[PDB]
Amino acid sequence: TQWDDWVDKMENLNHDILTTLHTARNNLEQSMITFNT
Amino acid sequence: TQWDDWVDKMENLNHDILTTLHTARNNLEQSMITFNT
Amino acid sequence: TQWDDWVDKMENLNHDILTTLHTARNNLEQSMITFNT
Amino acid sequence: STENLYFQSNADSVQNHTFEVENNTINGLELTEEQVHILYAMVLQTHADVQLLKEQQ
Amino acid sequence: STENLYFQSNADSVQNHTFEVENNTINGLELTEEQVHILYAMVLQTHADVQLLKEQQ
Amino acid sequence: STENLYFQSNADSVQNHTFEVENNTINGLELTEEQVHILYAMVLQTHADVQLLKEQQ
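What counts as what
- Residues numbered from 1 in each chain as written, not as in the entry; some residues may be left out.
- Chains lettered and ligands numbered in written order.
- Heavy atoms only, no water.
- Residues with missing side-chain atoms left out of burial classes, pairs and counts.
- Contact = heavy atoms within 4.5 Å.
- Buried area = accessible area lost by both parts, 1.4 Å probe.
- Salt bridge = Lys/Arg side-chain N within 4 Å of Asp/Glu carboxyl O.
- 1 Å grid on protein atoms, 1.4 Å probe; cavity = no way out; pocket = protein on both sides within 12 Å on 5 of 7 lines; lining within 4 Å.
- Points joined across faces, edges and corners; volume = space filled by probe spheres on them.
- Helix = DSSP H or I, 4+ residues; strand = E, 2+ residues; numbered from the N terminus.
- Nonpolar A, V, L, I, M, F, W, Y, C, P; charged D, E, K, R; others polar.
- Patch = residues over 30% accessible without salt bridge, like charges linked within 9 Å, V, L, I, M, F, W, Y side chains within 5 Å.
- Areas by Shrake-Rupley, 256 points an atom, 1.4 Å probe, with all protein chains shown as cover.
- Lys, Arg positive; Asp, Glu negative; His and termini not counted.
- Charge placed at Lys NZ, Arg CZ, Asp CG, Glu CD.
- Buried < 20%, exposed > 50% of the residue type's maximum accessible area, 1.4 Å probe, protein only.
- Polar contact = N/O pair within 3.5 Å; in protein donor to acceptor, adjacent residues only side chain to side chain.

Deposited coordinates in this entry are attributed by the record to X-ray crystallography, at a stated resolution of 1.998 Å.

Following this line, the structure appears as structure tokens:
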């Protein structure tokens, strides 16, 4: 159904955003540490 | 109707975000290219 | 009720985002002013 | 001082486009937040309609 | 070394406020995502209510 | 030139991770926007279902 496909898309996006925020923060932490070398 | 106005607002925001992301990415690409000059 | 708790969470997040955007913009303005010293 | 002047110009350009990326991104966040406010309104209104329907049953 | 020390201080200040803008923006994204999770929950719950209503018809 | 070369390497590294943070954040915004499009679709569909129910009453 159209509703089930929306649900499946929503779940996949939840996961991608989690990974994306984790990567953003990890890159931010790296730049700060490097800058404070 | 109130519902129609929400719909119209939503559509206009869809467009503004599209333009805004395109501008953000274009500015990012410019800074990288300049930095790698 | 579960619905009332969602509503209360939504309101608190509205407030946190407002403060967060204000802080982001204030930090951006500071960095520009400092850079243009 | 051409070389140095040019590369200082590039450094300034990189900094300024960074300010612009940040401004664009904050504005983008602000726009998504506005859409979220609208969705929230639509959702609350639909809930009220549904509640009435449940009573009317 | 006053001049140089001052301008190095400014450069560090610009860098650090940039880190802060980035931190604020990532946090803002994280907050909008939390609102999206709530909206999603509200929407799913309303859909379930609507489905029952359609059956009850 | 070891010291200077190292610290220039660090400066480049900071700049590049900044580009990466910006890229990650723009991508994150783009993802939340996609979720917002889905929520909007779900909300519109539920509204249509509710409207039919109101007529059927």
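Student: I'd like to hear about the interface of chain C and chain D, residue by residue, with values.
Tutor: Contact residues are listed per partner, giving 13 residues for chain C and 16 residues for chain D. Taken together, both faces of the contact between chain C and chain D bury some 1,400 Å²; the carbon and sulfur share is 70%. The largest share of the area that chain C buries against chain D comes from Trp3, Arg25 and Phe35 of chain C, three residues that together contribute 42% of it. Inspection of the region where chain C meets chain D yields one salt bridge.

Student: Summarise empty space enclosed by the protein; cite the residues concerned and give the values.
Tutor: Estimated volume of the largest cavity: approximately 90 Å³. If you trace the largest cavity, you find it lined by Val21, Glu22 and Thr25 of chain D, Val21, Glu22 and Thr25 of chain E together with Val21, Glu22 and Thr25 of chain F. Reported here for the second largest cavity is a volume of approximately 40 Å³. Forming the walls of the second largest cavity are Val43 and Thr46 of chain D, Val43 and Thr46 of chain E together with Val43 and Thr46 of chain F. Secondary structure elements with two or more residues in the lining of the second largest cavity: α1 (2-55) of chain D, α1 (2-55) of chain E together with α1 (2-55) of chain F. Along the lines of polarity and charge, the residues of the lining of the second largest cavity split into three nonpolar, three polar and no charged.

Student: Would you mind going over the pattern of salt bridges in detail, with residue names and values included?
Tutor: Going through the model one piece at a time under the given rule, you end up with six salt bridges over all chains. Linking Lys54 of chain D and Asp49 of chain E is a salt bridge whose minimum nitrogen-to-oxygen distance equals 3.6 Å. On the criterion of chain membership, the pair formed by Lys54 of chain D in helix α1 and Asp49 of chain E in helix α1 is interchain, its members lying in two chains.

Student: I'd like to hear about the interface of chain F and chain A, residue by residue, with values.
Tutor: The parts lose accessible area when they come together, and the size of an interface is often stated as this lost area. Listed per partner, the contact involves 20 residues of chain F and 20 residues of chain A. Between chain F and chain A the total buried area reaches about 1,700 Å² when both faces are included, carbon and sulfur atoms providing 75% of it. Where chain F touches chain A, the interface holds zero salt bridges. The residue makeup of the side of chain F that touches chain A, split by class, is nine nonpolar, nine polar and two charged.

Student: Can you lay out a negative patch on the surface for me, pointing to particular residues and giving the numbers?
Tutor: Residues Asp4, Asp5, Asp8 and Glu11 of chain A make up a contiguous surface patch of negative charge. Of note, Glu11 of chain A is situated in helix α1 (residues 2-35).

Student: Describe the arrangement of the chains, naming the residues involved and giving the relevant values.
Tutor: With respect to C-alpha atoms, chain B approaches chain C no nearer than 15 Å, and the pair has no contact. Separating chain B from chain E is a minimum C-alpha gap of 14 Å, and the two share no contact.

Student: Give me the side chain of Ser31 of chain C: which residues, what numbers.
Tutor: Positionally, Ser31 of chain C belongs in helix α1 (residues 2-35). Residue class for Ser31 of chain C comes out buried when judged on its relative accessible area of 0%. In this structure the side chain of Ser31 of chain C is engaged in a polar contact, spanning 2.8 Å, whose partner is the backbone oxygen of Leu28 of chain C. Setting aside anything within four residues of it in sequence, one finds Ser31 of chain C in contact with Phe19 of chain D together with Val14 and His17 of chain E.

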